[PDB]
Protein chains: 2
Amino acid sequence: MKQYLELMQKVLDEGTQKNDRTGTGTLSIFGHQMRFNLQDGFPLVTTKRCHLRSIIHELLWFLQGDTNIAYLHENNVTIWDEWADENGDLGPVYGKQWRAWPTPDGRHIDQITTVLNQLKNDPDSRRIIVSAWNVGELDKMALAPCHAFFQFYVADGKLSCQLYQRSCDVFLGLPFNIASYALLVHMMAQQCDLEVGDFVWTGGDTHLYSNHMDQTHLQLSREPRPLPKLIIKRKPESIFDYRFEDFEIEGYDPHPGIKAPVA
Amino acid sequence: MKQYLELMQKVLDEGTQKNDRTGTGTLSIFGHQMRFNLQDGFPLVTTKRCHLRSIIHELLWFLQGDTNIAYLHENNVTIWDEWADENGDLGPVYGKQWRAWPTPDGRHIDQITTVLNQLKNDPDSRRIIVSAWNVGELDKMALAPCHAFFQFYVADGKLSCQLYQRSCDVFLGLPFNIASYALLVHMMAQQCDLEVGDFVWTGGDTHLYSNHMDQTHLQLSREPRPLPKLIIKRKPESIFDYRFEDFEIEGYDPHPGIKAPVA
Ligand SMILES: C#CCN(Cc1ccc2[nH]c(N)nc(=O)c2c1)c1ccc(C(=O)N[C@@H](CCC(=O)O)C(=O)O)cc1
Ligand SMILES: C#CCN(Cc1ccc2[nH]c(N)nc(=O)c2c1)c1ccc(C(=O)N[C@@H](CCC(=O)O)C(=O)O)cc1
Ligand SMILES: O=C1CCN([C@H]2C[C@H](O)[C@@H](COP(=O)(O)O)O2)C(=O)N1
Ligand SMILES: O=c1ccn([C@H]2C[C@H](O)[C@@H](COP(=O)(O)O)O2)c(=O)[nH]1
């Protein structure tokens, strides 16, 4: 899409050389914001064929609160295979903090139910927030939360959401992250009987990897196709009762899928 | 400043009439970003006089891990009076989280020290985060964090920082928040022997209170003056050894102040 391609070109223009946690090399900028009005369509990248398959399972996996990748193995999702121990555990990563943030005094906070209740009872609150950044349990996680903080906002009957992502692999991860949270907004809006508003994406270290130039340029050479439309074919009675087959997409006619060496 | 007046202009031209926790009423937008190059000048509003005094004492009060306003009283700083109890306590707010985030098992985490070592030993790190949003203790705070979590970034020997502000009182709060965090960058950069880069301000619910509109129209009718220069007379032993006598602002010739009620 336009905002995505424009970000890639900005990294090429303003990016600085910055070695990463392994020495692969990136072109990096710090501080970026994008806005996706979900009324115009679902923000699924079209300059390369993407798939919601692993995005849906991981989101549902997040919402269940289980940080064991068992569910992903049963459904043939592999994005977490190289980070888990033998048990298949990742620590108190996203799912755990979303549903059971542990307190000092031995309690647990279900942030998802709090947000949903806030959106229903007090949609004007400026405190409708979910944070995966549990400073006290970062050392127990196989990976520090990347998309670690998002907030909801209601106005004119439209539900908006802003995400803060401390680190962004532009070519590989960003199309995945955008689609993931746009899905969450649609799911949250449906359970709150609201319309969808804007998805705001905010990034910290936003970077292209040195070995993604050929794939970047190939994608830049292509014109964005019309955005597709999300089709929820079934309305669950709970935000935690969604099923993989509930989600379809129409009018998604992308360019040939682009493949790079993964993470 | 240009960026500040532009945002104030943006709220008036696109804000939504929202009611708020205080029953005052606000014009509100959601999702905004600003950048301040700190080598250009210190970002202290000029279209209305702002008193750096209270700002400095507040930041030095944060970096001590203290949440009692007793220190703020010693220097006639009253910005946190309407929210403290008789003993001047606000609860586990910004300071408590910065210096001693309480874990579930019982330990405490010093985020200021943590970041200072990350910046010195691993400046390429993309997870240099301080967070004040402690979901496990929000119910104990007299007011949820507004400047809720920020990220540091190092490139080309320059130190940058991005803040996420879930809620922003554009007229009263934002000028303090900007100056406050820009001051922290100058201090972090000094202790890490780095130059100052950008302060990136990101906002969630960004709004103007209904009883501030007349003051806003007055301020918008003024032109920003050249930014002043911050001077730090000394190099303290650490980030926590700063004194109010170490800072001095040079070239700050603002328009006359504009008084307005606090909500
Ligand atoms: C963001 C995020 C979640 N994540 C997590 C994740 C973890 C570490 C990372 N590390 C790096 N360097 N970049 C990444 O973006 C990255 C992403 C993902 C990781 C891999 C794929 C992936 O397999 N991409 C392939 C798969 C193609 C397909 O079959 O659909 C691709 O070519 O697109 C997707 C998401
Ligand atoms: C952000 C932040 C810190 N804070 C904390 C704080 C707490 C609750 C709030 N509540 C609301 N609705 N708006 C605020 O911005 C706000 C700010 C401040 C609070 C007041 C002033 C203030 O009274 N400013 C006057 C000067 C008064 C004085 O100190 O002499 C001004 O000139 O505008 C400044 C900062
Ligand atoms: O540092 C700060 C402290 C808080 N505020 C203002 C913004 C809000 O208008 C107010 C707190 O309102 P709430 O959203 O919590 O209900 O204080 C601010 O702008 N900066
Ligand atoms: O949701 C995610 C998770 C990870 N990454 C990418 C960004 C980084 O390049 C890499 C993680 O490396 P660190 O930022 O943690 O060092 O994975 C994403 O883009 N999105």
# chains A, B, ... in the order shown; residues from 1 in each chain; ligands from 1
>>> residues_near_ligand(ligand="ligand 2", cutoff="9 Å", atoms="only C-alpha atoms and all ligand atoms", output="PDB file with N, CA and C atoms, in the first residue's frame")
ATOM      1  N   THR B  22     -13.170  14.688  33.412  1.00  0.00           N
ATOM      2  CA  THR B  22     -13.348  15.852  34.273  1.00  0.00           C
ATOM      3  C   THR B  22     -14.627  16.626  33.979  1.00  0.00           C
ATOM      4  N   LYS B  48       4.042  31.541  24.451  1.00  0.00           N
ATOM      5  CA  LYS B  48       3.581  31.912  25.780  1.00  0.00           C
ATOM      6  C   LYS B  48       4.705  31.578  26.748  1.00  0.00           C
ATOM      7  N   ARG B  49       4.877  32.409  27.770  1.00  0.00           N
ATOM      8  CA  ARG B  49       5.984  32.210  28.695  1.00  0.00           C
ATOM      9  C   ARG B  49       5.794  30.921  29.485  1.00  0.00           C
ATOM     10  N   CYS B  50       6.837  30.097  29.510  1.00  0.00           N
ATOM     11  CA  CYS B  50       6.871  28.879  30.304  1.00  0.00           C
ATOM     12  C   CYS B  50       8.025  28.963  31.288  1.00  0.00           C
ATOM     13  N   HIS B  51       7.778  28.527  32.518  1.00  0.00           N
ATOM     14  CA  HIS B  51       8.755  28.641  33.598  1.00  0.00           C
ATOM     15  C   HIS B  51       9.513  27.324  33.700  1.00  0.00           C
ATOM     16  N   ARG B  53      11.638  26.566  35.687  1.00  0.00           N
ATOM     17  CA  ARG B  53      11.909  26.230  37.081  1.00  0.00           C
ATOM     18  C   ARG B  53      11.199  24.944  37.493  1.00  0.00           C
ATOM     19  N   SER B  54       9.864  24.950  37.452  1.00  0.00           N
ATOM     20  CA  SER B  54       9.105  23.783  37.892  1.00  0.00           C
ATOM     21  C   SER B  54       9.438  22.548  37.064  1.00  0.00           C
ATOM     22  N   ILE B  55       9.748  22.729  35.778  1.00  0.00           N
ATOM     23  CA  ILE B  55      10.077  21.591  34.921  1.00  0.00           C
ATOM     24  C   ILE B  55      11.326  20.884  35.437  1.00  0.00           C
ATOM     25  N   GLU B  58      10.844  19.004  38.661  1.00  0.00           N
ATOM     26  CA  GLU B  58      10.037  17.806  38.463  1.00  0.00           C
ATOM     27  C   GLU B  58      10.897  16.645  37.978  1.00  0.00           C
ATOM     28  N   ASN B  76       9.039  25.720  45.964  1.00  0.00           N
ATOM     29  CA  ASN B  76       7.819  26.404  45.538  1.00  0.00           C
ATOM     30  C   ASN B  76       7.357  25.900  44.171  1.00  0.00           C
ATOM     31  N   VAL B  77       7.279  24.579  44.045  1.00  0.00           N
ATOM     32  CA  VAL B  77       6.737  23.921  42.860  1.00  0.00           C
ATOM     33  C   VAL B  77       5.433  23.253  43.276  1.00  0.00           C
ATOM     34  N   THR B  78       4.320  23.725  42.711  1.00  0.00           N
ATOM     35  CA  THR B  78       2.989  23.359  43.184  1.00  0.00           C
ATOM     36  C   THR B  78       2.160  22.630  42.135  1.00  0.00           C
ATOM     37  N   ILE B  79       2.771  22.208  41.026  1.00  0.00           N
ATOM     38  CA  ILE B  79       2.012  21.663  39.905  1.00  0.00           C
ATOM     39  C   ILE B  79       1.294  20.365  40.260  1.00  0.00           C
ATOM     40  N   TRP B  80       1.723  19.671  41.317  1.00  0.00           N
ATOM     41  CA  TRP B  80       1.143  18.390  41.707  1.00  0.00           C
ATOM     42  C   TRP B  80       0.392  18.470  43.036  1.00  0.00           C
ATOM     43  N   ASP B  81      -0.177  19.635  43.358  1.00  0.00           N
ATOM     44  CA  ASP B  81      -0.840  19.800  44.649  1.00  0.00           C
ATOM     45  C   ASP B  81      -2.270  19.271  44.631  1.00  0.00           C
ATOM     46  N   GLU B  82      -3.018  19.539  43.560  1.00  0.00           N
ATOM     47  CA  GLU B  82      -4.422  19.150  43.496  1.00  0.00           C
ATOM     48  C   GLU B  82      -4.630  17.642  43.501  1.00  0.00           C
ATOM     49  N   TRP B  83      -3.564  16.845  43.373  1.00  0.00           N
ATOM     50  CA  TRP B  83      -3.690  15.399  43.270  1.00  0.00           C
ATOM     51  C   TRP B  83      -3.064  14.635  44.426  1.00  0.00           C
ATOM     52  N   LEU B 143      -3.253   9.328  39.665  1.00  0.00           N
ATOM     53  CA  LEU B 143      -3.553   9.656  38.279  1.00  0.00           C
ATOM     54  C   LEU B 143      -2.691   8.780  37.379  1.00  0.00           C
ATOM     55  N   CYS B 146       0.588   9.837  32.116  1.00  0.00           N
ATOM     56  CA  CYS B 146       0.340  10.450  30.816  1.00  0.00           C
ATOM     57  C   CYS B 146       1.509  10.215  29.866  1.00  0.00           C
ATOM     58  N   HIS B 147       2.719  10.577  30.295  1.00  0.00           N
ATOM     59  CA  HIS B 147       3.942  10.227  29.566  1.00  0.00           C
ATOM     60  C   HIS B 147       4.337   8.835  30.041  1.00  0.00           C
ATOM     61  N   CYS B 168      -2.782  13.956  26.371  1.00  0.00           N
ATOM     62  CA  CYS B 168      -2.017  15.195  26.271  1.00  0.00           C
ATOM     63  C   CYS B 168      -2.956  16.388  26.385  1.00  0.00           C
ATOM     64  N   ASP B 169      -2.801  17.164  27.458  1.00  0.00           N
ATOM     65  CA  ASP B 169      -3.432  18.479  27.579  1.00  0.00           C
ATOM     66  C   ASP B 169      -2.570  19.453  26.787  1.00  0.00           C
ATOM     67  N   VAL B 170      -2.945  19.668  25.523  1.00  0.00           N
ATOM     68  CA  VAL B 170      -2.078  20.379  24.585  1.00  0.00           C
ATOM     69  C   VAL B 170      -1.677  21.742  25.135  1.00  0.00           C
ATOM     70  N   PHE B 171      -2.605  22.434  25.795  1.00  0.00           N
ATOM     71  CA  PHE B 171      -2.341  23.809  26.205  1.00  0.00           C
ATOM     72  C   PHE B 171      -1.491  23.869  27.470  1.00  0.00           C
ATOM     73  N   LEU B 172      -1.843  23.083  28.487  1.00  0.00           N
ATOM     74  CA  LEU B 172      -1.159  23.140  29.773  1.00  0.00           C
ATOM     75  C   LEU B 172      -0.017  22.133  29.878  1.00  0.00           C
ATOM     76  N   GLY B 173      -0.268  20.877  29.520  1.00  0.00           N
ATOM     77  CA  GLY B 173       0.687  19.817  29.778  1.00  0.00           C
ATOM     78  C   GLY B 173       1.801  19.677  28.759  1.00  0.00           C
ATOM     79  N   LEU B 174       1.457  19.733  27.472  1.00  0.00           N
ATOM     80  CA  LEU B 174       2.431  19.412  26.430  1.00  0.00           C
ATOM     81  C   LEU B 174       3.690  20.264  26.517  1.00  0.00           C
ATOM     82  N   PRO B 175       3.616  21.584  26.704  1.00  0.00           N
ATOM     83  CA  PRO B 175       4.863  22.359  26.816  1.00  0.00           C
ATOM     84  C   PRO B 175       5.769  21.871  27.931  1.00  0.00           C
ATOM     85  N   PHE B 176       5.200  21.402  29.044  1.00  0.00           N
ATOM     86  CA  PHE B 176       6.015  20.836  30.115  1.00  0.00           C
ATOM     87  C   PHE B 176       6.602  19.489  29.711  1.00  0.00           C
ATOM     88  N   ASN B 177       5.791  18.625  29.096  1.00  0.00           N
ATOM     89  CA  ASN B 177       6.271  17.300  28.711  1.00  0.00           C
ATOM     90  C   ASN B 177       7.435  17.401  27.733  1.00  0.00           C
ATOM     91  N   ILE B 178       7.283  18.216  26.686  1.00  0.00           N
ATOM     92  CA  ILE B 178       8.344  18.366  25.691  1.00  0.00           C
ATOM     93  C   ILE B 178       9.634  18.824  26.362  1.00  0.00           C
ATOM     94  N   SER B 180      10.487  18.803  29.447  1.00  0.00           N
ATOM     95  CA  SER B 180      10.950  17.838  30.439  1.00  0.00           C
ATOM     96  C   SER B 180      11.801  16.750  29.794  1.00  0.00           C
ATOM     97  N   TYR B 209      -8.818  21.464  25.902  1.00  0.00           N
ATOM     98  CA  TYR B 209      -9.975  21.589  26.780  1.00  0.00           C
ATOM     99  C   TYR B 209     -10.877  22.734  26.327  1.00  0.00           C
ATOM    100  N   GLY B 257       2.985  35.393  29.146  1.00  0.00           N
ATOM    101  CA  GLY B 257       2.257  34.203  29.535  1.00  0.00           C
ATOM    102  C   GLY B 257       0.760  34.362  29.361  1.00  0.00           C
ATOM    103  N   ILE B 258       0.086  33.222  29.249  1.00  0.00           N
ATOM    104  CA  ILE B 258      -1.361  33.167  29.093  1.00  0.00           C
ATOM    105  C   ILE B 258      -1.883  32.228  30.170  1.00  0.00           C
ATOM    106  N   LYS B 259      -2.558  32.787  31.168  1.00  0.00           N
ATOM    107  CA  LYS B 259      -3.098  31.997  32.263  1.00  0.00           C
ATOM    108  C   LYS B 259      -4.378  31.287  31.829  1.00  0.00           C
ATOM    109  N   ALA B 260      -4.579  30.079  32.356  1.00  0.00           N
ATOM    110  CA  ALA B 260      -5.755  29.288  32.018  1.00  0.00           C
ATOM    111  C   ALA B 260      -6.028  28.302  33.144  1.00  0.00           C
ATOM    112  N   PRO B 261      -7.287  27.931  33.369  1.00  0.00           N
ATOM    113  CA  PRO B 261      -7.608  27.028  34.478  1.00  0.00           C
ATOM    114  C   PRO B 261      -7.238  25.582  34.182  1.00  0.00           C
ATOM    115  N   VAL B 262      -6.926  24.852  35.253  1.00  0.00           N
ATOM    116  CA  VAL B 262      -6.512  23.455  35.169  1.00  0.00           C
ATOM    117  C   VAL B 262      -7.712  22.567  35.461  1.00  0.00           C
ATOM    118  N   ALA B 263      -7.841  21.484  34.700  1.00  0.00           N
ATOM    119  CA  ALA B 263      -8.951  20.553  34.864  1.00  0.00           C
ATOM    120  C   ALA B 263      -8.489  19.259  35.536  1.00  0.00           C
TER     121      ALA B 263
END
>>> interface_residues(of="chain B", to="chain A", cutoff="9 Å", atoms="only C-alpha atoms", output="JSON, numbers by chain")
{"B": [16, 17, 18, 19, 20, 21, 28, 30, 31, 32, 33, 34, 35, 101, 102, 103, 104, 105, 106, 107, 108, 109, 111, 124, 125, 126, 127, 128, 129, 130, 131, 133, 134, 135, 136, 137, 144, 151, 152, 153, 155, 156, 160, 161, 162, 164, 166, 167, 198, 200, 201, 202, 204, 205]}
>>> write_last_selection(atoms="C-alpha atoms", output="mmCIF file, in the first residue's frame")
data_model
loop_
_atom_site.group_PDB
_atom_site.id
_atom_site.type_symbol
_atom_site.label_atom_id
_atom_site.label_comp_id
_atom_site.auth_asym_id
_atom_site.auth_seq_id
_atom_site.Cartn_x
_atom_site.Cartn_y
_atom_site.Cartn_z
ATOM 1 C CA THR B 16 -14.089 15.794 17.858
ATOM 2 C CA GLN B 17 -16.347 17.183 20.590
ATOM 3 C CA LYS B 18 -15.702 14.653 23.363
ATOM 4 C CA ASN B 19 -16.689 14.621 27.009
ATOM 5 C CA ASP B 20 -13.915 13.604 29.383
ATOM 6 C CA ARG B 21 -13.210 12.300 32.876
ATOM 7 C CA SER B 28 -9.860 15.496 20.507
ATOM 8 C CA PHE B 30 -6.036 10.421 18.181
ATOM 9 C CA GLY B 31 -2.574 9.706 16.805
ATOM 10 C CA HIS B 32 0.031 12.405 16.218
ATOM 11 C CA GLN B 33 3.803 12.681 16.021
ATOM 12 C CA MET B 34 6.334 15.508 16.293
ATOM 13 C CA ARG B 35 10.120 15.688 16.035
ATOM 14 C CA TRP B 101 9.537 -1.227 39.293
ATOM 15 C CA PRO B 102 8.290 -3.947 41.702
ATOM 16 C CA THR B 103 8.474 -7.475 40.297
ATOM 17 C CA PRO B 104 6.011 -10.224 41.272
ATOM 18 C CA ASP B 105 8.597 -12.240 43.218
ATOM 19 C CA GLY B 106 9.546 -9.162 45.265
ATOM 20 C CA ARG B 107 12.617 -7.646 43.618
ATOM 21 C CA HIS B 108 12.885 -4.091 42.292
ATOM 22 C CA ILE B 109 14.119 -2.879 38.909
ATOM 23 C CA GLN B 111 15.088 1.328 34.724
ATOM 24 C CA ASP B 124 22.709 -0.460 18.985
ATOM 25 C CA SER B 125 20.090 -2.142 21.201
ATOM 26 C CA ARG B 126 16.533 -1.651 19.961
ATOM 27 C CA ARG B 127 14.965 -2.423 23.377
ATOM 28 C CA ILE B 128 16.233 0.508 25.475
ATOM 29 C CA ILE B 129 12.879 1.130 27.173
ATOM 30 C CA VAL B 130 11.716 2.848 30.337
ATOM 31 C CA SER B 131 8.042 2.320 31.160
ATOM 32 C CA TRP B 133 2.703 2.078 32.838
ATOM 33 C CA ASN B 134 2.637 -0.526 35.623
ATOM 34 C CA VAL B 135 -0.700 -2.245 35.000
ATOM 35 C CA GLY B 136 -0.344 -4.038 38.335
ATOM 36 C CA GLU B 137 -0.349 -0.779 40.328
ATOM 37 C CA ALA B 144 -2.561 7.213 35.553
ATOM 38 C CA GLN B 151 12.417 4.500 24.055
ATOM 39 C CA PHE B 152 16.035 5.528 23.477
ATOM 40 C CA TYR B 153 17.988 5.216 20.237
ATOM 41 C CA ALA B 155 23.038 6.382 15.790
ATOM 42 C CA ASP B 156 25.981 8.395 14.457
ATOM 43 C CA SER B 160 17.481 10.245 20.396
ATOM 44 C CA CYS B 161 14.374 9.460 22.410
ATOM 45 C CA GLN B 162 10.726 8.823 21.583
ATOM 46 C CA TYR B 164 4.380 7.816 23.896
ATOM 47 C CA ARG B 166 -1.478 8.362 25.962
ATOM 48 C CA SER B 167 -3.156 11.640 26.983
ATOM 49 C CA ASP B 198 15.920 14.089 18.124
ATOM 50 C CA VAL B 200 10.153 12.339 19.017
ATOM 51 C CA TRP B 201 6.791 13.032 20.661
ATOM 52 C CA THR B 202 3.951 10.603 19.927
ATOM 53 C CA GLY B 204 -2.627 9.135 21.875
ATOM 54 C CA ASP B 205 -5.701 11.153 22.852
#
>>> residues_around(residues="region 84-88 of chain B", least_positions_apart="3", cutoff="12 Å", atoms="only C-alpha atoms", output="ChimeraX atom specification")
/B:66-73,78-81,91-93,141-143
>>> closest_residue(among="A:116, A:159, A:7, A:208", to="ligand 1", atoms="only C-alpha atoms and all ligand atoms")
A:208
>>> closest_residue(among="B:89, B:255, B:25, B:98", to="residue 220 (chain B)", atoms="only C-alpha atoms")
B:255
>>> residues_around(residues="region 237-245 of chain B", least_positions_apart="3", cutoff="8 Å", atoms="only C-alpha atoms", output="list in words")
residues 56, 57, 60, 63, 64, 187, 188, 191 and 248 of chain B
>>> write_last_selection(atoms="N, CA, C and O atoms", output="short mmCIF file (atom, residue, chain, number, x, y, z; two decimals), in the first residue's frame")
data_model
loop_
_atom_site.label_atom_id
_atom_site.label_comp_id
_atom_site.auth_asym_id
_atom_site.auth_seq_id
_atom_site.Cartn_x
_atom_site.Cartn_y
_atom_site.Cartn_z
N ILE B 56 12.38 21.65 35.72
CA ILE B 56 13.63 21.06 36.20
C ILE B 56 13.39 20.30 37.50
O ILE B 56 13.75 19.12 37.62
N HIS B 57 12.78 20.96 38.49
CA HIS B 57 12.57 20.32 39.78
C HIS B 57 11.73 19.06 39.66
O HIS B 57 11.87 18.14 40.47
N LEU B 60 14.25 16.23 38.13
CA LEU B 60 15.12 15.83 39.23
C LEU B 60 14.34 15.07 40.30
O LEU B 60 14.90 14.22 40.99
N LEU B 63 13.86 11.41 38.81
CA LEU B 63 15.07 10.61 38.80
C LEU B 63 15.50 10.16 40.19
O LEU B 63 16.41 9.32 40.30
N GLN B 64 14.89 10.68 41.25
CA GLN B 64 15.17 10.22 42.60
C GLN B 64 14.24 9.09 43.05
O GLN B 64 14.37 8.61 44.17
N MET B 187 20.65 15.30 29.46
CA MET B 187 21.32 14.74 30.63
C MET B 187 21.84 13.34 30.35
O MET B 187 22.99 13.02 30.67
N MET B 188 21.00 12.48 29.76
CA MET B 188 21.46 11.15 29.36
C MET B 188 22.66 11.27 28.42
O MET B 188 23.69 10.61 28.62
N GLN B 191 25.87 12.09 30.23
CA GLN B 191 26.44 11.00 31.01
C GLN B 191 26.95 9.87 30.13
O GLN B 191 27.77 9.07 30.58
N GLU B 248 20.98 26.29 33.14
CA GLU B 248 20.73 27.71 32.89
C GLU B 248 20.31 27.87 31.44
O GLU B 248 21.01 27.41 30.54
#
>>> residues_around(residues="residue 189 (chain B)", least_positions_apart="6", cutoff="8 Å", atoms="only C-alpha atoms", output="PyMOL selection string")
chain B and resi 158-159+195-196
>>> write_last_selection(atoms="C-alpha atoms", output="mmCIF file, in the first residue's frame")
data_model
loop_
_atom_site.group_PDB
_atom_site.id
_atom_site.type_symbol
_atom_site.label_atom_id
_atom_site.label_comp_id
_atom_site.auth_asym_id
_atom_site.auth_seq_id
_atom_site.Cartn_x
_atom_site.Cartn_y
_atom_site.Cartn_z
ATOM 1 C CA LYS B 158 23.693 10.971 18.559
ATOM 2 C CA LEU B 159 21.177 10.112 21.285
ATOM 3 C CA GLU B 195 25.528 14.251 21.320
ATOM 4 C CA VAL B 196 21.842 15.147 21.409
#
>>> select_by_dssp(residues="region 35-131 of chain B", states="strand (DSSP E)", output="JSON list (two decimals) with N, CA and C atoms, in the first residue's frame")
[["chain", "number", "residue", "atom", "x", "y", "z"],
["B", 35, "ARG", "N", 8.69, 15.87, 15.87],
["B", 35, "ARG", "CA", 10.12, 15.69, 16.04],
["B", 35, "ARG", "C", 10.76, 17.02, 16.38],
["B", 36, "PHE", "N", 11.73, 16.98, 17.30],
["B", 36, "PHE", "CA", 12.47, 18.17, 17.72],
["B", 36, "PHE", "C", 13.95, 17.85, 17.65],
["B", 37, "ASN", "N", 14.65, 18.46, 16.69],
["B", 37, "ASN", "CA", 16.10, 18.36, 16.62],
["B", 37, "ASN", "C", 16.70, 19.23, 17.72],
["B", 101, "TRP", "N", 10.67, -0.43, 39.75],
["B", 101, "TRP", "CA", 9.54, -1.23, 39.29],
["B", 101, "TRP", "C", 9.46, -2.51, 40.12],
["B", 102, "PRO", "N", 8.36, -2.76, 40.84],
["B", 102, "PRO", "CA", 8.29, -3.95, 41.70],
["B", 102, "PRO", "C", 7.90, -5.19, 40.91],
["B", 108, "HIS", "N", 13.14, -5.40, 42.87],
["B", 108, "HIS", "CA", 12.89, -4.09, 42.29],
["B", 108, "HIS", "C", 13.84, -3.87, 41.13],
["B", 109, "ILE", "N", 13.38, -3.10, 40.15],
["B", 109, "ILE", "CA", 14.12, -2.88, 38.91],
["B", 109, "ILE", "C", 14.35, -1.39, 38.75],
["B", 129, "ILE", "N", 14.21, 0.65, 26.80],
["B", 129, "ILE", "CA", 12.88, 1.13, 27.17],
["B", 129, "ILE", "C", 12.84, 1.45, 28.66],
["B", 130, "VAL", "N", 12.21, 2.57, 28.99],
["B", 130, "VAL", "CA", 11.72, 2.85, 30.34],
["B", 130, "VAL", "C", 10.20, 2.96, 30.24],
["B", 131, "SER", "N", 9.50, 2.30, 31.15],
["B", 131, "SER", "CA", 8.04, 2.32, 31.16],
["B", 131, "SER", "C", 7.54, 2.72, 32.54]]
